Amino acid sequence: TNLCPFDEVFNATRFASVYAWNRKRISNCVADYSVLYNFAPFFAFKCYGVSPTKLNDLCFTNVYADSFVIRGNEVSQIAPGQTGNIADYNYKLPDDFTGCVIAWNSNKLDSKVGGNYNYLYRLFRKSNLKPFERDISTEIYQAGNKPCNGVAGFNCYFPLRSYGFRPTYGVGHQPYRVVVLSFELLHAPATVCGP
Amino acid sequence: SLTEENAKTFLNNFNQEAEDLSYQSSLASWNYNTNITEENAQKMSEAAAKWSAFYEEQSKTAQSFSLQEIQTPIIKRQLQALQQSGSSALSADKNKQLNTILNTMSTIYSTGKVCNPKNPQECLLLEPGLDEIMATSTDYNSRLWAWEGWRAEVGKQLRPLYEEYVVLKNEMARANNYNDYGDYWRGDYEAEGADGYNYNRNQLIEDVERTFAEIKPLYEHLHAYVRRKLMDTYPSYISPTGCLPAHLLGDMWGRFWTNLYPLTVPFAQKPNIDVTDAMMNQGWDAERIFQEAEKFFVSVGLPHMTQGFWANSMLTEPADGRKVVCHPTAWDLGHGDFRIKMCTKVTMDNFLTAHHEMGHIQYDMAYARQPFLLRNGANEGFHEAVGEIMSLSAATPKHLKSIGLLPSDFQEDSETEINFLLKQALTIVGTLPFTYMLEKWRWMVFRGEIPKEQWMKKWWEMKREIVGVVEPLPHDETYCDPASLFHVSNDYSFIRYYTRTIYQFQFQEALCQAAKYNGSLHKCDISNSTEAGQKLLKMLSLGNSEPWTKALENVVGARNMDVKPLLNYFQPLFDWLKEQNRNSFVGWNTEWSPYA
Ligand SMILES: *[C@@H]1O[C@H](CO)[C@@H](O)[C@H](O)[C@H]1NC(C)=O
Ligand SMILES: *[C@@H]1O[C@H](CO)[C@@H](O)[C@H](O)[C@H]1NC(C)=O
Ligand SMILES: *[C@@H]1O[C@H](CO)[C@@H](O)[C@H](O)[C@H]1NC(C)=O
Ligand SMILES: [Zn+2]
């Protein structure tokens, strides 16, 4: 019996920023989702069309795990059909989704007295993101007409901005770690099954 | 549709940067007010300099946006708020001169001292000095010497400074496309609305004059009654028909008449509701006081207080090697951080101040969803009004008995109601004429109506017309009397207190009527009534995103300020005063003077 590597996904010394979100492919292992209930009271655990407490009764070709860290108020933007900043410029989910998200508080690990400036997010972009698309570019946004030759100033700003977490913030602004599990079944047998 | 998108993007960038640059300044100020240390002062200064520079640069940049092109009201409101930063849109040398004048005014007010006509050993100051000696003593000469000396020092040393301050401030105001500095102050109440709702900033003078006209009949009677009771403590000094001497009003300037309570008790045999003994017997501390306040607030539908509020806020004197400031304040720091700083103790006054500050925080939490530039109060005096309406319905006998600090079989006394109403009257009604007179005087001086050579000649002339006080000794034009107030020598406006009083009573009547209560208004309580909470939260969550004529319409169902609720509040006292004044004379004649 070879269990799936979930333990190394939900546990990590350092996560990734929202714009440069990580993605892990899980395939050819036996998956026990019952160990996913081994954390503190989950702030968000809601599953779209997969019928939880029955995860152990299905089989899929491969599973994708996407992990990042976002603000408290933005957790509602990791649902299909939503509109905002994270759901439009950083990370967007398709309307026909199959899987679910797990979001839990991480204030005791990602907050410092002077501010944690290692987490960044995108604020300006020309057009929205297609589902499951990653942007990492650092070109200076142009809002006006006069180009500024790649220097910050009026009508052209730096797209990426920091969160700056502190332990004294309110609950809606404390850091939250989010892991999205996406399942898919395809015409290529099926290797990810239950016990 | 061309610069609207640019304005939206610019406002997004400003909102992102301003929160981060403001949290540090607020946190540094908090760390200084709870520590007091040499390093913390430098930290606060270096935190504030960055914010000031960034805000000035952003305002100057935002000046380049024509307002006529924008259609959406919210963005126009944000940009109008951001542009109005003409506090230093002058020359450099004039700015330095004005700053020097302000600093020397503040220093000369803070460091002033008065020496006794007899042996100069005393040479007291204001601090716990002159304030106590003319807030407790009942001797004519002891009060008179101090009152004359403080003026003969401060006004003499302040007149030329105020003379230059007037012209510098007028130049500042006219440089900002205004008419005078009084109009600059009055511009706070200006609002623009769609379906009417406009409040031209020139109507306030008409409004303030109108409402006061309906308060004169009540105040007059009070001014009679107190006069009678002052004829016993100082027998051969007050004429039966005339104006009260200035130095006998229980305070340095006559702003409040509270300290006249001992000599004006109508029924001395009945003591007021004192609950400190019950709190001591029951074993209470500060934490229980604040949990009680939170329970009262949650009983009406408002939300609880965050865990950060309990974790971070200072609630007692630390009793360590740390010096702090014990002035009670409520702090909102941004990013969901709310705190109270209070050196609270076990007494009724602290119990009510807790409700006041907690109401401040409730309003701050309510308007926390709006954009950053609109996270302010709906007006200049809505904050206090919201704060005081909560403390009003917390000292009522019904609420005190409902929580167990009073006997369950308590019997209400008709004689106690009059005493409570009289104390509230001396606290509240006695300050409106003073504020109105002072603001009218400063407005007239700034507008230029009063000549430079007649200032005091007008100041006293219309002092014994509205408030009704006569000077003990004549003052020449070399004097500058109004410079003695802290709210005159150090700037600050003075009309917020006139609007707050009326707003609080309008709100109280609206909420107590919405809670289905019948009886006297001053006995109404809003605890355990969910209907009033939603009506209050309807206005509390708007901030200033909409003109103040709309939040008031939402709550009280009107579009201006009305004094009828205040008249309903003091009706029993009005009837009792009229009954007891039916033999004497009401009103005063502006001819009597203690001097020749
Ligand atoms: C993560 O690490 C903690 C502590 O090392 C451990 O108790 C836990 O079992 C690990 N796995 C999960 C899924 O929490
Ligand atoms: C108060 O100041 C001291 C000395 O600068 C500092 O060590 C401490 O962290 C400050 N804050 C406290 C005591 O809460
Ligand atoms: C009224 O509100 C208070 C809030 O302190 C609560 O303790 C009480 O149970 C409520 N009901 C009555 C009947 O007093
Ligand atoms: Zn207050």
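Going by Swiss-Prot, the residues shown for chain B are 19-614, listed in order.
According to its header, this structure was worked out by electron microscopy, 3.2 Å.
Cβ coordinates are placed from backbone N, Cα and C, and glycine is handled just like the others.
Taken from Swiss-Prot as is:
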- B:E375: active site, proton acceptor (ACT_SITE)
- B:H505: active site, proton donor (ACT_SITE)
- B:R169, B:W477, B:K481: chloride binding site (BINDING)
- B:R273, B:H345, B:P346, B:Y515: substrate binding site (BINDING)
- B:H374, B:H378, B:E402: Zn(2+) binding site (BINDING)
- B:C133-B:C141: disulfide bond (DISULFID)
- B:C344-B:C361: disulfide bond (DISULFID)
- B:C530-B:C542: disulfide bond (DISULFID)
- B:19-607: domain 'Peptidase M2' (DOMAIN)
- B:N53: N-linked glycosylation site (CARBOHYD)
- B:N536: N-linked glycosylation site (CARBOHYD)
- B:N546: N-linked glycosylation site (CARBOHYD)
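Projection of Swiss-Prot feature records onto the structure.
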| residue | record | Cβ contacts under 8 Å, 6 or more apart |
| --- | --- | --- |
| B:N53 | N-linked glycosylation site | B:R340, B:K341, B:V342 |
| B:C133 | disulfide bond | B:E140, B:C141, B:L142, B:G167 |
| B:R273 | substrate binding site | B:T449, B:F452, B:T453 |
| B:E375 | active site, proton acceptor | B:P346, B:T347, B:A348, B:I358, B:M360, B:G405 |
| B:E402 | Zn(2+) binding site | B:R514, B:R518, B:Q522 |
| B:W477 | chloride binding site | B:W459, B:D499, B:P500 |
| B:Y515 | substrate binding site | B:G399, B:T449, B:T453 |
| B:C530 | disulfide bond | B:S411, B:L539, B:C542, B:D543, B:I544, B:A550 |
| B:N536 | N-linked glycosylation site | none |
### Task
Using a 10 Å cut-off, grab the number of neighbouring Cβ atoms around the Cβ of B:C542 (disulfide bond), all chains included.
20
### Message
For the recorded positions listed here (B:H345, B:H374, B:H378, B:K481, B:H505), tell me which residue's CB has the most neighbouring CB atoms inside 10 Å.
### Response
B:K481
### Query
Going through the recorded positions B:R273, B:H345, B:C361, B:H378, B:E402, B:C542 in sequence order, which have a CB under 6 Å from an atom of ligand 3?
none
### Query
If you measure B:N546 (N-linked glycosylation site) to B:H374 (Zn(2+) binding site) at Cα, how many Å is it?
18
#### Entry: Cα-to-Cα gap, B:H378 (Zn(2+) binding site) vs B:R169 (chloride binding site), nearest whole Å
36
### Task
Report, in whole Å, the straight Cα-to-Cα distance of B:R169 (chloride binding site) from B:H345 (substrate binding site).
27
### Query
Using C-alpha atoms, which one of the recorded positions B:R169, B:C344, B:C361, B:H374, B:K481 comes nearest to the residue listed as 'active site, proton donor'?
B:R169
### Task
State the Cα to Cα distance, in Å, between B:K481 (chloride binding site) and B:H374 (Zn(2+) binding site), rounded to an integer.
33
## Note on the structure
Sorting the recorded positions B:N53, B:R273, B:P346, B:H374, B:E375, B:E402 by sequence and keeping only those with a Cβ under 6 Å from ligand 4 gives B:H374, B:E402
### Query
Taking the Cα atoms as reference points, how far is B:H374 (Zn(2+) binding site) from B:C361 (disulfide bond) in Å?
15
